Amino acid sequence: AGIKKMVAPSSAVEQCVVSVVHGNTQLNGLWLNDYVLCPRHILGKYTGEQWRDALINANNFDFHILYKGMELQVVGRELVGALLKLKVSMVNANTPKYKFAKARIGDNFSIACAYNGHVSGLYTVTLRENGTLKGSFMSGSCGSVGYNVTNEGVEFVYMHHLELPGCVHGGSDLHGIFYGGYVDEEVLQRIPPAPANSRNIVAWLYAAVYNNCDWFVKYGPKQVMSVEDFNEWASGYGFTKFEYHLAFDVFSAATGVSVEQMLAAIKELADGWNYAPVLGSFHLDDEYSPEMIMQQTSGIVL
């Protein structure tokens, strides 16, 4: 029982995290096969036009890559979106079975927060609709990766680049594509605020029912809001449109509560409450993906 933010185990990632130093700039990289990926501003602080010229003017020996003290020699430079791809003279025997995947809105992933090429801590983040994360990042953490672990292997989805006003964090996938409408430049970037993720809130409400907190649903006569009706309300109250998830079939099977009851509860609880806590809170929590809740709950039919 109980509900916590679950971080994927880090052993596979720790064996790929490296330090990349080029000049005064210090940040982190990802060692896979015979190449290292790190943010492009390792070259320096430049503008879209300048990145190609900075890479051209660079020398392979100016990049110093360390994995647990051992030097990795660069044998090739390349730009991959907002990332630098440095071919190295040694193949990472610790390269896991992995895929580069794009995190989708509402997904959780784990941040391997690193400094000087050493993971110092892990936490879970949630991809918001505007492509930003509510992370915890200090100077030197650029190049920290976000990842998931499946039965098929490691899934690298994120590399950290920048901090935005209001303790908001942005980055790219491992193809160097930024997740939001921001850029890796020292410029004031005010980005649209993120609506609350309705799908995730449904998962959190189910997790409450799984843990004997059903006052919001059982306490009232069965109250229901259709998906169509809810989507219209959410559009004008700062909530995302409901998106279904396979986990809801499992959750309603174990709890007897339908999605439509949860949507009605969301409308009822949208402004917060004070009757009783729900998983220790008095406001809806949108930070738990359905996958995160499902790995903390049991199926009951089979």
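One-based numbering along the sequence shown.
- In this crystal structure, the stretch out of 38 to 46 and 64 to 72 whose C-alpha atoms carry the higher mean B factor is 64 to 72.
- Averaged over their C-alpha atoms, the temperature factors of 22 to 30 and 52 to 60 are higher for 52 to 60.
- Per the PDB record, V224 has a higher Cα B-factor than any other of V224, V187, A203, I105.
- If you compare the C-alpha temperature factors of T95, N211, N148, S141 in the entry, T95 comes out highest.
- When the modelled residues of the chain are ordered by C-alpha B-factor, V88 sits in the highest third.
- Sort the modelled residues of the chain by CA B factor and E163 lands in the lowest third.
- In this PDB entry, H118 carries a Cα temperature factor that places it within the middle third of its chain's modelled residues.
- Ranked within its chain, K218 lands in the highest third, by CA B factor from the PDB record.
- Looking at the C-alpha B-factors along this chain, the one for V80 belongs to the middle third.
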